[PDB]
>>> print(open('final21.txt').read())   # compact mmCIF, C-alpha atoms
# COMPACT_ATOMS: atom_id res chain seq x y z
CA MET A 4 21.63 -9.61 10.60
CA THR A 5 18.17 -9.96 9.07
CA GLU A 6 17.42 -13.41 7.68
CA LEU A 7 15.00 -13.90 4.79
CA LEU A 8 12.87 -16.91 5.63
CA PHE A 9 10.31 -16.53 2.84
CA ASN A 10 9.36 -14.20 0.00
CA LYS A 11 6.78 -15.08 -2.63
CA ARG A 12 3.75 -13.63 -4.35
CA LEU A 13 0.43 -15.16 -3.33
CA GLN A 14 -3.17 -15.02 -4.39
CA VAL A 15 -5.00 -13.20 -1.61
CA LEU A 16 -8.66 -12.53 -0.92
CA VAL A 17 -8.71 -8.89 0.16
CA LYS A 18 -11.91 -7.86 1.93
CA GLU A 24 -13.97 -8.10 -2.12
CA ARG A 25 -11.23 -8.88 -4.64
CA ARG A 26 -8.50 -11.40 -5.44
CA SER A 27 -5.07 -9.91 -6.10
CA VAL A 28 -1.48 -11.10 -6.13
CA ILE A 29 0.35 -9.89 -3.04
CA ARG A 30 3.97 -10.36 -2.06
CA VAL A 31 4.37 -11.92 1.36
CA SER A 32 7.72 -11.59 3.09
CA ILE A 33 8.90 -13.20 6.32
CA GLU A 34 12.14 -12.30 8.08
CA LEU A 35 13.98 -12.71 11.34
CA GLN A 36 15.64 -9.61 12.79
CA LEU A 37 17.38 -8.56 16.00
CA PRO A 38 14.81 -7.87 18.76
CA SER A 39 14.32 -4.99 21.19
CA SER A 40 16.16 -6.90 23.91
CA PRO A 41 19.00 -9.34 23.07
CA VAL A 42 17.82 -12.13 25.40
CA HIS A 43 14.66 -12.77 23.38
CA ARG A 44 15.09 -14.66 20.11
CA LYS A 45 15.02 -12.66 16.87
CA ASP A 46 11.83 -10.77 16.03
CA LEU A 47 9.69 -12.27 13.29
CA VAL A 48 8.70 -9.67 10.70
CA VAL A 49 5.75 -10.16 8.36
CA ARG A 50 5.24 -7.87 5.40
CA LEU A 51 2.60 -7.60 2.68
CA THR A 52 3.42 -5.48 -0.36
CA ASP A 53 2.42 -5.01 -4.00
CA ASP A 54 4.90 -5.20 -6.91
CA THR A 55 2.98 -2.42 -8.70
CA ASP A 56 1.14 -0.38 -6.09
CA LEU A 57 4.21 0.94 -4.30
CA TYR A 58 2.12 2.60 -1.58
CA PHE A 59 0.59 -0.72 -0.51
CA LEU A 60 2.17 -1.98 2.69
CA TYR A 61 0.99 -4.04 5.66
CA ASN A 62 3.40 -5.15 8.37
CA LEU A 63 3.61 -6.92 11.71
CA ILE A 64 6.49 -7.53 14.11
CA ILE A 65 6.28 -10.61 16.33
CA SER A 66 8.80 -10.74 19.16
CA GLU A 67 9.22 -13.94 21.16
CA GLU A 68 6.95 -12.64 23.93
CA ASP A 69 4.29 -11.46 21.49
CA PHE A 70 4.11 -15.05 20.21
CA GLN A 71 3.52 -16.37 23.73
CA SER A 72 0.18 -14.60 23.87
CA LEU A 73 -0.56 -15.70 20.31
CA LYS A 74 0.25 -19.33 21.11
CA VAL A 75 -2.42 -19.46 23.81
CA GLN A 76 -4.94 -17.18 22.10
CA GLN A 77 -5.13 -19.38 19.02
CA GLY A 78 -4.08 -22.60 20.74
CA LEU A 79 -0.80 -23.10 18.90
CA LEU A 80 0.94 -26.39 19.66
CA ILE A 81 4.35 -25.26 18.45
CA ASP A 82 7.16 -23.15 19.90
CA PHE A 83 8.13 -19.67 18.67
CA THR A 84 11.29 -21.21 17.21
CA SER A 85 9.10 -23.57 15.17
CA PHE A 86 6.38 -21.02 14.40
CA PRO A 87 8.00 -19.45 11.33
CA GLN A 88 8.16 -22.83 9.59
CA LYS A 89 4.56 -23.63 10.48
CA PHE A 90 3.44 -20.31 9.04
CA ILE A 91 5.55 -20.89 5.92
CA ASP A 92 4.16 -24.44 5.55
CA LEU A 93 0.68 -22.92 5.61
CA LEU A 94 1.65 -20.31 3.05
CA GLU A 95 3.13 -23.07 0.90
CA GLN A 96 -0.19 -24.93 1.11
CA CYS A 97 -1.95 -21.77 -0.08
CA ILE A 98 0.50 -21.71 -2.98
CA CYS A 99 0.12 -25.42 -3.71
CA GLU A 100 -3.66 -24.85 -3.78
CA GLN A 101 -4.13 -21.42 -5.34
CA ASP A 102 -3.77 -22.70 -8.91
CA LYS A 103 -6.16 -25.66 -8.51
CA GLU A 104 -9.72 -26.01 -9.79
CA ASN A 105 -11.30 -25.46 -6.36
CA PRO A 106 -8.72 -24.13 -3.88
CA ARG A 107 -8.94 -25.70 -0.42
CA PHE A 108 -6.48 -23.39 1.34
CA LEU A 109 -7.11 -19.64 1.19
CA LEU A 110 -5.16 -16.56 2.21
CA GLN A 111 -7.37 -13.68 3.32
CA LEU A 112 -6.78 -10.06 4.27
CA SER A 113 -9.87 -8.77 6.07
CA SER A 114 -10.40 -5.29 7.50
CA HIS A 121 -6.19 3.31 8.81
CA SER A 122 -7.01 0.25 10.92
CA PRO A 123 -5.16 -3.09 11.19
CA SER A 124 -6.37 -5.96 9.01
CA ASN A 125 -6.52 -9.66 9.78
CA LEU A 126 -4.30 -11.97 7.76
CA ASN A 127 -6.12 -15.30 7.82
CA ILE A 128 -5.17 -18.69 6.43
CA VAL A 129 -8.36 -20.70 6.04
CA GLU A 130 -8.82 -24.33 5.11
CA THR A 131 -12.21 -25.09 3.58
CA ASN A 132 -13.74 -28.45 4.44
CA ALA A 133 -16.81 -28.42 2.20
CA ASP A 134 -19.09 -25.65 3.47
CA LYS A 135 -17.09 -25.64 6.70
CA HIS A 136 -14.09 -23.36 7.23
CA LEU A 137 -11.19 -24.00 9.61
CA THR A 138 -8.89 -21.06 10.39
CA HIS A 139 -5.28 -22.15 10.99
CA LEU A 140 -3.72 -18.77 11.70
CA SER A 141 -4.83 -15.18 12.09
CA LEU A 142 -2.53 -12.19 12.31
CA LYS A 143 -3.13 -8.51 13.04
CA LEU A 144 -1.35 -6.57 10.30
CA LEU A 145 -0.78 -2.82 10.53
CA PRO A 146 -1.19 -0.50 7.53
CA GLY A 147 2.22 1.06 6.94
CA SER A 148 2.64 4.72 7.78
CA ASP A 149 4.29 7.05 5.30
CA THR A 150 7.39 6.52 7.45
CA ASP A 151 7.23 2.70 7.20
CA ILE A 152 6.69 2.94 3.44
CA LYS A 153 9.58 5.39 3.11
CA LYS A 154 11.89 2.90 4.85
CA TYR A 155 10.60 -0.03 2.77
CA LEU A 156 11.01 1.85 -0.51
CA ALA A 157 14.58 2.72 0.47
CA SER A 158 15.41 -0.95 1.09
CA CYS A 159 13.79 -1.84 -2.26
CA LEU A 160 15.89 0.78 -4.05
CA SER A 161 19.06 -0.68 -2.54
CA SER A 162 18.22 -4.25 -3.53
CA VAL A 163 17.14 -3.48 -7.10
CA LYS A 164 20.29 -1.42 -7.59
CA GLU A 165 22.33 -4.40 -6.40
CA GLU A 166 20.53 -6.64 -8.89
CA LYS A 167 21.10 -4.03 -11.62
CA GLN A 168 24.82 -3.95 -10.85
CA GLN A 169 24.94 -7.74 -11.04
CA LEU A 170 23.14 -7.65 -14.38
CA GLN A 171 25.65 -5.08 -15.61
CA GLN A 172 28.56 -7.28 -14.53
CA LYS A 173 27.00 -10.25 -16.32
CA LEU A 174 26.44 -8.17 -19.44
CA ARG A 175 30.07 -7.05 -19.33
CA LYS A 176 31.36 -10.62 -19.05
CA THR A 177 28.92 -11.92 -21.66
CA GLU A 178 29.89 -9.22 -24.16
CA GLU A 179 33.59 -10.08 -24.09
CA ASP A 180 32.46 -13.46 -25.40
CA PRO B 2 -4.92 12.34 -12.78
CA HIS B 3 -1.64 13.90 -11.60
CA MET B 4 0.33 14.96 -14.68
CA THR B 5 4.01 15.99 -14.68
CA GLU B 6 6.65 17.41 -17.06
CA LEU B 7 10.39 17.32 -16.34
CA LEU B 8 12.06 20.69 -17.11
CA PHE B 9 15.46 20.28 -15.41
CA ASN B 10 17.33 17.66 -13.40
CA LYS B 11 21.09 18.01 -12.87
CA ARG B 12 23.86 17.77 -10.29
CA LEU B 13 25.08 21.08 -8.86
CA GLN B 14 27.82 21.98 -6.44
CA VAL B 15 26.17 23.73 -3.51
CA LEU B 16 27.51 25.59 -0.50
CA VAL B 17 25.37 24.08 2.26
CA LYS B 18 25.01 25.75 5.64
CA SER B 19 22.82 23.52 7.80
CA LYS B 20 21.16 24.23 11.15
CA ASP B 21 24.05 24.53 13.62
CA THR B 22 26.51 22.96 11.18
CA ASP B 23 29.61 24.46 9.57
CA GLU B 24 29.54 25.24 5.85
CA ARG B 25 30.04 22.38 3.41
CA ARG B 26 30.29 21.93 -0.34
CA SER B 27 28.03 19.14 -1.56
CA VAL B 28 26.69 17.78 -4.81
CA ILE B 29 22.93 18.27 -4.80
CA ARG B 30 20.47 17.13 -7.45
CA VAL B 31 18.29 20.04 -8.51
CA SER B 32 14.98 19.14 -10.13
CA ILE B 33 12.42 21.42 -11.74
CA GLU B 34 9.10 19.98 -12.84
CA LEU B 35 5.64 21.06 -13.94
CA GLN B 36 2.69 19.24 -12.36
CA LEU B 37 -1.08 19.12 -12.79
CA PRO B 38 -2.49 18.28 -9.32
CA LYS B 45 -0.56 23.93 -12.61
CA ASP B 46 2.35 23.76 -10.17
CA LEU B 47 6.04 24.36 -10.59
CA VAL B 48 7.87 22.04 -8.22
CA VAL B 49 11.43 22.70 -7.12
CA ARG B 50 13.14 19.75 -5.46
CA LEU B 51 16.59 19.23 -3.96
CA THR B 52 17.79 15.70 -3.27
CA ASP B 53 21.13 13.99 -2.69
CA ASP B 54 22.21 10.92 -4.68
CA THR B 55 24.12 9.60 -1.63
CA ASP B 56 21.38 10.19 0.96
CA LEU B 57 17.90 8.96 0.13
CA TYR B 58 16.34 10.88 3.03
CA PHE B 59 17.62 14.31 2.02
CA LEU B 60 14.80 16.29 0.41
CA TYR B 61 13.88 19.98 0.26
CA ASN B 62 11.09 21.26 -1.94
CA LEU B 63 8.87 24.14 -2.93
CA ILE B 64 5.58 23.95 -4.79
CA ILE B 65 4.76 27.09 -6.76
CA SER B 66 1.27 27.30 -8.21
CA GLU B 67 0.48 29.91 -10.84
CA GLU B 68 -1.40 31.88 -8.19
CA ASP B 69 1.58 31.55 -5.82
CA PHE B 70 3.80 33.11 -8.50
CA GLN B 71 1.79 36.37 -8.36
CA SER B 72 3.45 37.15 -5.02
CA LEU B 73 6.68 35.23 -5.51
CA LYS B 74 7.57 37.30 -8.59
CA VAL B 75 7.14 40.44 -6.48
CA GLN B 76 9.30 39.06 -3.67
CA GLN B 77 11.95 37.96 -6.17
CA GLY B 78 11.80 41.18 -8.20
CA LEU B 79 10.80 39.39 -11.40
CA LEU B 80 9.17 41.00 -14.43
CA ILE B 81 8.51 37.77 -16.27
CA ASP B 82 5.46 35.55 -16.56
CA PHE B 83 4.92 32.11 -14.99
CA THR B 84 5.86 30.14 -18.15
CA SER B 85 9.18 31.98 -18.38
CA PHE B 86 10.26 31.59 -14.76
CA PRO B 87 11.64 28.05 -15.27
CA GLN B 88 13.90 29.09 -18.15
CA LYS B 89 15.24 32.02 -16.13
CA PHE B 90 15.94 29.72 -13.16
CA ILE B 91 17.56 27.16 -15.50
CA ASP B 92 19.74 29.76 -17.26
CA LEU B 93 21.12 30.74 -13.82
CA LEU B 94 21.68 27.13 -12.78
CA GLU B 95 23.61 26.47 -16.00
CA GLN B 96 25.86 29.45 -15.14
CA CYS B 97 26.52 27.84 -11.76
CA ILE B 98 27.56 24.61 -13.49
CA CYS B 99 29.89 26.39 -15.92
CA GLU B 100 31.56 28.28 -13.04
CA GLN B 101 31.69 25.40 -10.54
CA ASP B 102 35.34 24.41 -11.12
CA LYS B 103 36.76 27.95 -11.22
CA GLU B 104 39.04 29.40 -8.53
CA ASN B 105 36.39 32.00 -7.76
CA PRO B 106 33.07 31.07 -9.40
CA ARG B 107 31.14 34.11 -10.60
CA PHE B 108 27.84 32.28 -10.08
CA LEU B 109 27.27 29.94 -7.18
CA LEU B 110 24.47 28.07 -5.42
CA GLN B 111 23.94 28.33 -1.68
CA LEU B 112 21.55 26.43 0.54
CA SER B 113 21.31 28.19 3.91
CA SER B 114 19.19 27.10 6.84
CA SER B 115 17.02 29.71 8.54
CA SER B 116 16.59 29.55 12.31
CA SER B 117 13.37 28.12 13.70
CA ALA B 118 12.05 28.04 17.26
CA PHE B 119 10.64 24.61 16.42
CA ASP B 120 11.58 21.40 14.61
CA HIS B 121 11.27 22.33 10.92
CA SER B 122 13.91 24.72 9.61
CA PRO B 123 13.41 26.13 6.11
CA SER B 124 16.43 26.60 3.87
CA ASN B 125 16.96 29.40 1.35
CA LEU B 126 18.34 28.32 -1.99
CA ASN B 127 20.24 31.37 -3.19
CA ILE B 128 21.79 31.93 -6.58
CA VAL B 129 24.56 34.46 -6.08
CA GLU B 130 26.62 36.35 -8.64
CA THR B 131 29.95 37.80 -7.50
CA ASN B 132 32.71 39.96 -8.92
CA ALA B 133 35.66 40.77 -6.69
CA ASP B 134 34.05 42.79 -3.90
CA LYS B 135 30.61 43.03 -5.54
CA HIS B 136 27.77 40.53 -5.22
CA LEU B 137 24.16 40.21 -6.37
CA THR B 138 21.54 37.70 -5.25
CA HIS B 139 19.51 36.82 -8.36
CA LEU B 140 17.14 34.44 -6.61
CA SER B 141 16.41 33.33 -3.05
CA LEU B 142 13.80 30.57 -2.84
CA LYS B 143 12.59 29.48 0.58
CA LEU B 144 12.41 25.70 0.52
CA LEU B 145 10.94 23.47 3.21
CA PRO B 146 12.40 20.16 4.47
CA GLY B 147 10.57 17.24 2.90
CA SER B 148 8.02 15.34 4.93
CA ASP B 149 8.04 11.55 4.89
CA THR B 150 5.05 11.92 2.56
CA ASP B 151 7.17 13.96 0.11
CA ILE B 152 10.04 11.50 0.46
CA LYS B 153 7.75 8.50 -0.02
CA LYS B 154 6.44 10.00 -3.26
CA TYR B 155 9.98 10.65 -4.48
CA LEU B 156 11.41 7.25 -3.53
CA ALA B 157 8.44 5.58 -5.23
CA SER B 158 9.19 7.51 -8.45
CA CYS B 159 12.82 6.42 -8.21
CA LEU B 160 11.89 2.80 -7.60
CA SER B 161 9.58 2.63 -10.63
CA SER B 162 12.36 4.16 -12.74
CA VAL B 163 15.04 1.78 -11.52
CA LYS B 164 12.77 -1.24 -12.09
CA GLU B 165 12.08 -0.12 -15.66
CA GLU B 166 15.83 0.29 -16.12
CA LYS B 167 16.49 -3.18 -14.73
CA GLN B 168 13.83 -4.65 -17.00
CA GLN B 169 15.36 -2.98 -20.06
CA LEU B 170 18.78 -4.26 -19.05
CA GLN B 171 17.33 -7.76 -18.66
CA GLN B 172 15.74 -7.67 -22.11
CA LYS B 173 19.05 -6.54 -23.56
CA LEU B 174 21.07 -9.24 -21.82
CA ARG B 175 18.63 -11.85 -23.14
CA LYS B 176 19.12 -10.72 -26.73
CA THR B 177 22.87 -10.60 -26.15
CA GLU B 178 22.68 -14.06 -24.57
CA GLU B 179 21.04 -15.49 -27.70
>>> encode(input="final21.txt", output="structure tokens")
Amino acid sequence: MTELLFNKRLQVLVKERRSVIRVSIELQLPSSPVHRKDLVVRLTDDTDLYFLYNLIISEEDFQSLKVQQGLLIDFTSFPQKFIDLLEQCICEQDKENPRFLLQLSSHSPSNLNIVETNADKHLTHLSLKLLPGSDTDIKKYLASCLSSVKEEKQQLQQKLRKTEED
Amino acid sequence: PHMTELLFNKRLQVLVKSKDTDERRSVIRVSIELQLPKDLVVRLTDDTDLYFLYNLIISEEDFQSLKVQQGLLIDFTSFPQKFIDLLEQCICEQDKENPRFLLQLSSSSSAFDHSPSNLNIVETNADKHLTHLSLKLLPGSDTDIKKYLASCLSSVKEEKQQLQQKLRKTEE
């Protein structure tokens, strides 16, 4: 019962270099059933298969976050707000002078920051503490990738089969 | 700069005796590869269980003692082809009522968490039996498994891409 809320590649400033990173956002069943689904955030690389950053945000974890960074929204709304910000980064990343930036700044956790630049001023809209994946996390992620690509391959084979009889 | 060369990779029927588990006949993928980290790498995986992994890394220096333990009078470059010849016998015999060559994977007791398994190639004839090879493999760490799954993923993505390119042409 994991829901995919978002999954796209983004231009990211990794702290320096600018590389395309896949950013995935899901909802999954929490530790305790009373709390709403856990929000999972994952950064990966379509070519460097050992690259993995991840963060799990349960409903209670967000409560701290809300106050820390003065978030006006509710945890139920938070995913959308985060996605809206990511969309802005996307809407902006291909422009002549990008005004919204996605930044990953430093086996220690790194900060995932969405910055809006107002001239020589910089407003930070969201900052997240992402954990470098352990070999165990990566193992699990690779396994889920293998399953999904195989499913796509099987679909492609079915399509080929149907196409060929035509 | 980690180079590799793929000498053998096939499915074999294996009598598997696991730690505190009753015997079982399973299909195990047996891989033999050369690597430049030269190393001979022996790897056992399971197509139906992505977490199953036993391996053994045999450097040329390692082989100096291994060949003594295994009673081998052949050089390092010939060990793969001897191992392969035996594996191919196992495959040819696998469907027989009483296979003359068979592959066993048997756990060895540990007082701790990691239990090695011996991969034995056994020849039998009626009452007689001879163990041609008994390699002591270790259970794969998540590091070993990560490396393997990553190799598999790259391969499957290349396969998917090739299938996509073919469908496109077919589509036209």
>>> residues_around(input="final21.txt", residues="residue 179 (chain B)", least_positions_apart="6", cutoff="12 Å", atoms="only C-alpha atoms", output="list in words")
residues 177, 178 and 180 of chain A; 172 and 173 of chain B
>>> residues_around(input="final21.txt", residues="region 25-36 of chain B", least_positions_apart="2", cutoff="6 Å", atoms="all atoms listed in the file", output="ChimeraX atom specification")
/B:4-17,45-53
>>> closest_residue(input="final21.txt", among="B:93, B:133, B:37, B:57", to="residue 159 (chain A)", atoms="all atoms listed in the file")
B:57
>>> interface_residues(input="final21.txt", of="chain A", to="chain B", cutoff="6 Å", atoms="only C-alpha atoms", output="PyMOL selection string")
chain A and resi 149-150+153+160+167+174
>>> write_last_selection(input="final21.txt", atoms="C-alpha atoms", output="PDB file, keeping the file's coordinate frame")
ATOM      1  CA  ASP A 149       4.290   7.050   5.300  1.00  0.00           C
ATOM      2  CA  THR A 150       7.390   6.520   7.450  1.00  0.00           C
ATOM      3  CA  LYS A 153       9.580   5.390   3.110  1.00  0.00           C
ATOM      4  CA  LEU A 160      15.890   0.780  -4.050  1.00  0.00           C
ATOM      5  CA  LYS A 167      21.100  -4.030 -11.620  1.00  0.00           C
ATOM      6  CA  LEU A 174      26.440  -8.170 -19.440  1.00  0.00           C
TER       7      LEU A 174
END
>>> atom_distance(input="final21.txt", atom1="CA of residue 142 (chain A)", atom2="CA of residue 126 (chain A)")
4.9 Å
>>> residues_around(input="final21.txt", residues="residue 108 (chain B)", least_positions_apart="5", cutoff="6 Å", atoms="only C-alpha atoms", output="number ranges by chain")
B: 97, 129-130
>>> closest_atom_pairs(input="final21.txt", of="region 123-148 of chain A", to="region 10-27 of chain A", cutoff="12 Å", atoms="all atoms listed in the file", output="tab-separated table")
residue	atom	partner	partner_atom	distance
A:124	CA	A:18	CA	9.2
A:125	CA	A:18	CA	9.7
A:126	CA	A:17	CA	9.3
A:127	CA	A:16	CA	9.5
A:128	CA	A:15	CA	9.7
A:129	CA	A:16	CA	10.7
>>> closest_residue(input="final21.txt", among="A:70, A:94, A:7, A:51", to="residue 28 (chain A)", atoms="only C-alpha atoms")
A:51
>>> closest_residue(input="final21.txt", among="B:117, B:77, B:22, B:124", to="residue 138 (chain B)", atoms="only C-alpha atoms")
B:77
>>> residues_near_point(input="final21.txt", point="(-1.7, -23.3, -1.7)", cutoff="10 Å", atoms="all atoms listed in the file", output="list in words")
residues 13, 14, 92, 93, 94, 95, 96, 97, 98, 99, 100, 101, 102, 103, 106, 107, 108, 109, 110, 128 and 130 of chain A
>>> closest_residue(input="final21.txt", among="A:79, A:6, A:49, A:38", to="residue 67 (chain A)", atoms="all atoms listed in the file")
A:38
>>> closest_residue(input="final21.txt", among="B:65, B:144, B:137, B:81", to="residue 113 (chain B)", atoms="only C-alpha atoms")
B:144
>>> atom_distance(input="final21.txt", atom1="CA of residue 91 (chain A)", atom2="CA of residue 68 (chain A)")
19.9 Å
>>> atom_distance(input="final21.txt", atom1="CA of residue 59 (chain B)", atom2="CA of residue 24 (chain B)")
16.6 Å
>>> residues_around(input="final21.txt", residues="residue 54 (chain A)", least_positions_apart="2", cutoff="8 Å", atoms="all atoms listed in the file", output="list in words")
residues 29, 30, 52, 56 and 57 of chain A
>>> decode(input="final21.txt", residues="region 2-13 of chain B", atoms="N, CA and C atoms", output="CSV table (one decimal), in the first residue's frame")
chain,number,residue,atom,x,y,z
B,2,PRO,N,38.8,0.9,-12.1
B,2,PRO,CA,39.6,0.0,-13.0
B,2,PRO,C,39.4,-1.5,-12.5
B,3,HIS,N,38.2,-1.9,-12.4
B,3,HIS,CA,37.9,-3.3,-12.0
B,3,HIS,C,37.4,-4.1,-13.2
B,4,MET,N,38.3,-4.8,-13.8
B,4,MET,CA,38.0,-5.6,-15.0
B,4,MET,C,37.4,-7.0,-14.6
B,5,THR,N,36.6,-7.6,-15.5
B,5,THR,CA,36.0,-8.9,-15.3
B,5,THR,C,35.9,-9.7,-16.6
B,6,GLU,N,35.8,-11.0,-16.5
B,6,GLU,CA,35.6,-11.9,-17.6
B,6,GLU,C,34.8,-13.1,-17.2
B,7,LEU,N,33.7,-13.3,-17.9
B,7,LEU,CA,32.7,-14.3,-17.5
B,7,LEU,C,32.9,-15.7,-18.0
B,8,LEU,N,33.5,-16.6,-17.2
B,8,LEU,CA,33.8,-17.9,-17.7
B,8,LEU,C,32.7,-18.9,-17.7
B,9,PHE,N,31.7,-18.8,-16.8
B,9,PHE,CA,30.6,-19.8,-16.7
B,9,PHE,C,29.5,-19.2,-15.9
B,10,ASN,N,28.3,-19.4,-16.4
B,10,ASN,CA,27.1,-19.0,-15.7
B,10,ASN,C,25.9,-19.8,-16.1
B,11,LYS,N,25.5,-20.8,-15.3
B,11,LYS,CA,24.4,-21.7,-15.6
B,11,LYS,C,23.6,-22.1,-14.4
B,12,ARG,N,22.4,-22.7,-14.7
B,12,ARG,CA,21.6,-23.2,-13.7
B,12,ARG,C,21.9,-24.7,-13.4
B,13,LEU,N,22.1,-25.0,-12.1
B,13,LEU,CA,22.4,-26.4,-11.7
B,13,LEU,C,21.4,-26.8,-10.6
